[PDB]
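A.B. asks: Protein chains in written order, with the numbering used here: chain A, 27 to 266; chain B, 27 to 266.
(1) Can you list, in chain order, the residues of its chain whose CB lies under 7 Å from that of residue 105 (chain B), leaving out five sequence neighbours each side?
(2) What residues in the stretch 86-98 of chain A have a beta carbon less than 8 Å from any beta carbon of chain B?
(3) Starting from the C-beta of residue 46 (chain B), find all residues in its chain whose C-beta is less than 6 Å away, skip the five residues before and the five after it, and write them out in chain order.
(4) Report back the beta-carbon spacing between residue 175 (chain A) and residue 142 (chain A) to the nearest angstrom; my notes put them in contact at under 8 Å.
(5) Residue 140 (chain A) and residue 168 (chain A): beta carbons closer than 7 Å?
(6) Is residue 171 (chain B) near residue 146 (chain B), with beta carbons less than 7 Å apart?
(7) Going by CA-CA distance only, name the one from B:144, B:137, B:213 that's closest to residue 183 (chain B).
(8) Using 8 Å for Cβ pairs, my map puts residue 186 (chain B) next to residue 231 (chain B). What's the rounded Cβ distance?
(9) Helix, strand or coil, according to DSSP, for residue 155 (chain A) in the structure here?
(10) Give me the Cα-Cα distance between residue 206 (chain A) and residue 212 (chain A), rounded to the nearest whole angstrom.
(11) Any contact between the stretch 151-169 of chain A and the stretch 71-87 of chain A? By contact I mean 3 or more CB pairs, one from each, below 8 Å.
(12) Ends of the alpha helix (DSSP H) at residue 188 (chain B)?
(13) Using the beta-carbon count (16 or more within 10 Å), is residue 107 (chain A) buried or exposed?
(14) How should residue 234 (chain B) be labelled, buried or exposed, when 16 other C-beta atoms within 10 angstroms of its C-beta is the threshold for buried?
(15) If you check the beta carbons only, do residue 216 (chain A) and residue 193 (chain A) fall under 7 Å apart?
(16) Run down chain A in chain order and give the residues with a C-beta less than 7 Å from the C-beta of residue 47 (chain B).
(17) Does the stretch 47-61 of chain A come within contact of the stretch 122-136 of chain A, defined as at least 3 CB pairs closer than 8 Å?
(18) Under the rule that 16 or more other beta-carbon atoms within 10 Å means buried, what is residue 258 (chain A), buried or exposed?
(19) Can you tell me whether residue 188 (chain A) is buried or exposed? The criterion is at least 16 other CB atoms within 10 Å of its CB, across all chains shown.
(20) Whose CA, out of B:223, B:90, B:67, lies closest to the CA of residue 36 (chain B)?
(21) Using a Cβ-Cβ cutoff of less than 8 Å, which residues in the same chain neighbour residue 228 (chain B) once the five nearest sequence positions on both sides are dropped?
(22) Output yes if chain A places a C-beta closer than 7 Å to the C-beta of residue 151 (chain B); else output no.
(23) Quick check: what's the CA-CA separation for residue 92 (chain A) versus residue 119 (chain B)?
(24) Can you tell me where the alpha helix (DSSP H) holding residue 183 (chain B) begins and where it ends?
(25) Give the secondary structure of residue 115 (chain B) by DSSP, where H, G and I count as helix, E and B as strand, and everything else as coil.
(26) Work out the CA separation of residue 83 (chain A) and residue 121 (chain A) for me, nearest whole Å.
(27) Which of the residues in the stretch 101-113 of chain A, read from start to end, lie with their CB under 8 Å from any CB of chain B?
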């Protein structure tokens with residue numbers, strides 16, 4: 027049952043068998059009860075590890091398929107298509123769970139934001155390997171989910187809330203990588219980052235560890251996207 | 027065919043999909059032709075990654091099953107038994123390939139030593155999780171394979187040969203971990219290590235990188251097995 031599957035998943039996770047962990051939490055979700063915060067995390071972790079495995083493998087084999095003979099074309103296509111199928115299966119599972127169980131059962135504006143972000147992410151993972159007619163609609167589906175989550179969080183969370191900030195991060199990545207719109211991508215991330223700094227007081231010890239990491243990630247992305255970020259060497263003489 | 031499967035495995039390996047890599051090389055072996063030195067390595071790598079995954083997972087779940095409730099006993103046993111089954115399947119595959127294809131086809135005393143070491147290893151991996159009646163015979167099968175390899179290498183290789191030294195390493199581990207005979211384990215490793223130093227001239231640039239690593243591993247094990255190894259602080263004043 028619920029408690030057995032969760033303790034099962036905690037074993038799976040400790041043992042780094044994330045496919046087992048995802049299988050556990052898939053079943054948990056399908057009981058139809060709203061996940062806990064522990065259980066939200068467990069599911070979330072499980073599936074990032076699973077899809078992530080496929081996504082890194084895909085990029086390796088794509089880059090090899092780029093970096094090439096016709097013998098070596100034949101092999102790499104047939105393999106990337108294999109990995110692509112695995113990957114889409116994984117994404118379609120999560121996207122299903124989100125549609126049927128997670129987003130409908132989300133009773134708090136936070137949990138809803140997390141699950142809309144998750145949809146946005148998994149549609150973006152599809153967009154990474156989407157081709158032809160399908161890309162159009164899949165990019166919409168990601169943006170549609172991210173934008174829904176974005177506007178909810180804008181109303182519901184403090185600028186320094188790790189979920190809001192994490193959302194801004196992945197949304198700016200969608201805009202940058204998937205949509206190829208850096209004007210938009212950098213403004214999204216910068217405005218979030220600025221707004222968080224403007225309300226550092228509103229940060230509690232509770233989430234000081236996590237908010238300051240996501241801010242560094244936002245800033246990291248930003249300087250990367252804007253060439254060298256306009257940077258020059260600085261001392262504790264920066265302000266006037 | 028052979029060349030397609032090998033280039034297939036090189037993709038699999040680059041993409042860290044070692045189950046695919048093992049599957050590739052399993053088929054290669056089963057063509058019935060003696061593997062190359064490239065192909066020996068590919069198979070060997072593929073399966074260490076595969077069994078290694080299971081072995082680390084096993085030890086994690088065993089230690090959790092130790093560190094515990096009866097609820098938590100029920101879950102951990104049923105899971106360790108799952109992993110144990112996976113693991114034995116993997117070992118039985120390799121052990122089969124070694125028996126039917128690799129050791130029979132080994133035409134050079136080196137390749138034979140490598141494949142006898144490999145048998146010794148995979149029987150030792152079984153010994154790690156063996157229980158009851160079976161352990162007896164499985165420990166014999168490991169020692170029988172290691173000893174065969176040992177005596178061949180003693181005649182056929184220089185004391186500084188990485189294969190001889192690597193064999194001494196894993197044999198001393200069998201004696202230590204699986205057999206629980208440290209007198210024997212430390213003498214095996216020390217005598218190998220001493221004998222290599224005694225003939226450092228016989229070391230070529232070809233294998234200088236690898237022989238000096240295995241020697242450090244032998245020595246590492248040795249100081250660990252003999253308490254603190256009799257060590258005190260030393261300077262370039264050590265010799266007389």
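Don't be surprised by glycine CBs; every beta carbon is placed ideally from N, CA and C.
C.D. replies: Quick answer:
(1) As a first step, residue 105 (chain B) is located in the second chain; it is residue number 79 there, counting from the start. Excluding residues up to 5 positions away in sequence, 87 lie with their Cβ nearer than 7 Å to the Cβ of residue 105 (chain B) in the same chain.
(2) Under the 8 Å Cβ criterion, the stretch 86-98 of chain A contributes 86, 87, 90, 97, 98.
(3) Here residue 46 (chain B) is taken as the residue at index 20 of the second chain, counted from 1. Short of 6 Å from the beta carbon of residue 46 (chain B), and not among the five residues preceding or following it, lie these beta carbons of its own chain, in chain order: 38.
(4) Residue numbering aside, residue 175 (chain A) sits at position 149 when the first chain is read from its first letter. Residue numbering aside, residue 142 (chain A) sits at position 116 when the first chain is read from its first letter. Correct: roughly 3 Å between the Cβ atoms.
(5) One-based indexing of the first chain puts residue 140 (chain A) at position 114. One-based indexing of the first chain puts residue 168 (chain A) at position 142. No, the pair does not count as a contact, with Cβ atoms beyond the cut-off.
(6) The residue labelled residue 171 (chain B) in the question sits at position 145 within the second chain. The residue labelled residue 146 (chain B) in the question sits at position 120 within the second chain. Judged by beta-carbon spacing, residue 146 (chain B) lies within the 7 Å limit of residue 171 (chain B), meaning their Cβ atoms are closer than that value.
(7) For the purposes of this step, residue 183 (chain B) is taken as the residue at position 157 of the second chain. The shortest C-alpha separation from residue 183 (chain B) is found at B:137.
(8) Against the second chain, residue 186 (chain B) aligns to sequence position 160. Against the second chain, residue 231 (chain B) aligns to sequence position 205. Their Cβ separation, rounded to whole angstroms, is 12 Å, which puts residue 186 (chain B) and residue 231 (chain B) out of contact at 8 Å.
(9) Counting from one through the first chain, the residue named residue 155 (chain A) turns up at place 129. Residue state, collapsed to three classes: coil.
(10) For the purposes of this step, residue 206 (chain A) is taken as residue 180 along the first chain, with counting starting at 1. For the purposes of this step, residue 212 (chain A) is taken as residue 186 along the first chain, with counting starting at 1. Their Cα atoms are separated by approximately 11 Å.
(11) With a cut-off of 8 Å, the stretch 71-87 of chain A and the stretch 151-169 of chain A count as touching, because enough Cβ pairs lie within range.
(12) Mapped onto the second chain, residue 188 (chain B) falls at position 162. Taken as a continuous stretch (DSSP letters only), the alpha helix (DSSP H) holding residue 188 (chain B) covers 188-199.
(13) Counted from its first residue, the first chain places residue 107 (chain A) at position 81. When all chains shown are included, residue 107 (chain A) counts as exposed.
(14) Here residue 234 (chain B) refers to the residue found at position 208 of the second chain. Flag for residue 234 (chain B) reads exposed.
(15) Working through the first chain from its first residue, we reach residue 216 (chain A) at position 190. Working through the first chain from its first residue, we reach residue 193 (chain A) at position 167. Against a cut-off of 7 Å, the Cβ pair of residue 193 (chain A) and residue 216 (chain A) comes out as no contact.
(16) Within the second chain, numbered from 1, the residue matching residue 47 (chain B) stands at position 21. Within chain A, no residue comes near residue 47 (chain B); the closest Cβ sits about 12 Å away, beyond 7 Å.
(17) Because the criterion of three Cβ pairs below 8 Å is met, the stretch 47-61 of chain A and the stretch 122-136 of chain A touch.
(18) Translated into the one-based positions of the first chain, residue 258 (chain A) becomes position 232. Residue 258 (chain A) comes out exposed.
(19) In the first chain, the residue the question calls residue 188 (chain A) occupies position 162. Burial call: buried.
(20) Your numbering for residue 36 (chain B) matches position 10 in the second chain. Of B:223, B:90, B:67, the residue nearest in Cα terms is B:67.
(21) Counting from 1 along the second chain, the entry for residue 228 (chain B) is found at position 202. For residue 228 (chain B), same chain residues with a beta-carbon under 8 Å away, outside a window of 5 residues either side, are 184, 185, 186 in chain order.
(22) Position 125 of the second chain, counted from the start, is the residue given in the question as residue 151 (chain B). Between residue 151 (chain B) and chain A, the shortest Cβ-Cβ separation is not below 7 Å.
(23) As a position in the first chain, residue 92 (chain A) is number 66, starting the count at 1. As a position in the second chain, residue 119 (chain B) is number 93, starting the count at 1. Cα to Cα, the separation comes out at about 35 Å.
(24) On the second chain, residue 183 (chain B) is found 157 positions in, with the first residue counted as 1. DSSP places residue 183 (chain B) in no alpha helix (DSSP H); its state is neither H nor E.
(25) On the second chain, residue 115 (chain B) is found 89 positions in, with the first residue counted as 1. Residue state, collapsed to three classes: helix.
(26) Here residue 121 (chain A) is taken as the residue at index 95 of the first chain, counted from 1. Here residue 83 (chain A) is taken as the residue at index 57 of the first chain, counted from 1. Approximately 21 Å between the Cα atoms of the pair.
(27) Here the close residues are 101, 102, 105, 109.
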